[PDB]
Amino acid sequence: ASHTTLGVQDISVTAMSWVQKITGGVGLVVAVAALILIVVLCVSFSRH
Amino acid sequence: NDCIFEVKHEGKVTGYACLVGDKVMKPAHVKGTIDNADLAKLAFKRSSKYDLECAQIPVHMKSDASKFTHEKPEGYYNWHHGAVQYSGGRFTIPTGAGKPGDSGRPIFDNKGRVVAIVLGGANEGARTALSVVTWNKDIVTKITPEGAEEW
Amino acid sequence: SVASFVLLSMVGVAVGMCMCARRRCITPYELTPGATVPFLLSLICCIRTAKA
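Residues numbered from 1 in each chain as written, not as in the entry; some residues may be left out. Chains lettered and ligands numbered in written order. Part of a larger assembly, values for the part shown. Heavy atoms only, no water.

Its PDB record attributes the structure to cryo-EM, giving the resolution as 3.3 Å.

Here it is in structure tokens:
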């Protein structure tokens, strides 16, 4: 092979953007569930 | 005024539980289970924020439950060991009326309805301070002074 | 070295002014009977948990 080897787990293609589309889904479902938990925690401390 | 209904835990001096409005209520720190089998088989919700547990009253015995109010003006109140008072935003008793094993008793107003439940206290002779739960407008709350212990 | 001495003391005097501000803000509520302090201010001035 006249080129050097690939990063195999790194330097995946353009149109791997599925990875970012699902991570910007599941990772925002985590962010929103943590936001919901933080706002109910915050008012539960107003309830002391 | 003895127009009161309650139950105990494991058939011993293990604290108490109340019928209020349409729901059973009980402390979370007490050992064992309710004495009356027709209550004890029910599914109970709980919260460590209030040291508390609760269930719906069976419809055939809902008529036996005590009434309640959110009101807490300064003055004097009724409970099974007597001499209970509300002043300075605190419930209080003289020491001899309250100790370990007596937790879960309801405090009643001068018209015979529950205002609060005794969980425990911090001792002194003339005015022992109490740890209690009570309702504000239409939401439950816990009150607890400095240095109290549950009974 | 002299830039470190001024910059590390500038964050030092900011902490000193933050302390000086907190004590003048909180002592009116501390020096009053009946546990008076509101919820929002308790979080802003970092007084542990609740109005107790």
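Don't stop here, the text continues.
Asks: Sorry if this is basic, but what is going on with the UniProt feature "active site" (unreviewed entry) in chain B here?
Replies: Residues and elements named next belong to chain B. UniProt records the feature "active site" (unreviewed entry) at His29, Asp51 and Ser103, using the numbering of this structure. Maximum C-alpha separation among the annotated residues is 11.3 Å over a sequence range of 75 residues, consistent with a single clustered spot. Within the secondary structure, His29 is located in the loop between strand 3 (23-27) and helix 1 (37-40). If we ignore the near neighbours within four places in the chain, the residues touching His29 are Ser103, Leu119, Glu150 and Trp151. The residue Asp51 is located in the loop between strand 4 (45-47) and strand 5 (52-56) in this model. On the accessibility criterion, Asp51 (19% relative accessible area) is buried. (UniProt positions renumbered as here; feature names shortened; annotations may be inferred. Helix = DSSP H or I, 4+ residues; strand = E, 2+ residues; numbered from the N terminus. Contact = heavy atoms within 4.5 Å. Buried < 20%, exposed > 50% of the residue type's maximum accessible area, 1.4 Å probe, protein only.)

Asks: What is the right way to look at the environment of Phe44(B) in this model?
Replies: Residues and elements named next belong to chain B. By the element assignment, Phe44 lies in the loop between helix 1 and strand 4. Its relative accessible area of 26% is what places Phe44 among the partly exposed residues. Spatially, the C-alpha atoms of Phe44 and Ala55 are 4.9 Å apart, while their sequence positions differ by eleven residues. Among all residues touching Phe44, those that are not within four sequence positions of it are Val24, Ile34, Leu39, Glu53, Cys54 and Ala55.

Asks: Please explain the packing of aromatic side chains as it appears in this structure.
Replies: All names here are of chain B. According to the stated counting rule, one finds three aromatic pairs over all chains in the structure shown. Geometrically, the ring pair formed by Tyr77 and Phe91 is edge-to-face, given 6.0 Å between the ring centres and 70 degrees between the ring planes. Of this pair, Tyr77 sits in strand 6 (residues 75-77) while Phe91 sits in strand 8 (residues 90-93), and the two are 14 residues apart along the sequence. Residue classification places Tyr77 among the buried residues on the basis of a relative accessible area of 7%. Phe91 sits in the buried class, given a relative accessible area of 4%. With centroids separated by 4.8 Å and ring planes inclined at 75 degrees, the aromatic side chains of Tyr86 and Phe91 adopt a geometry described as edge-to-face. Across this residue pair, the class does not change: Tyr86 and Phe91 are buried. Grouped by ring-pair contacts, the aromatic residues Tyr77, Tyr86 and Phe91 constitute a single cluster. The ring of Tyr16 carries the charged tip of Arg105 above its face, separated from the ring centre by 4.1 Å. (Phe/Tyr/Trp six-rings, centres within 6.5 Å; stacked < 30°, edge-to-face > 60°. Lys NZ or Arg CZ within 6 Å of the ring centre and 35° of its normal.)

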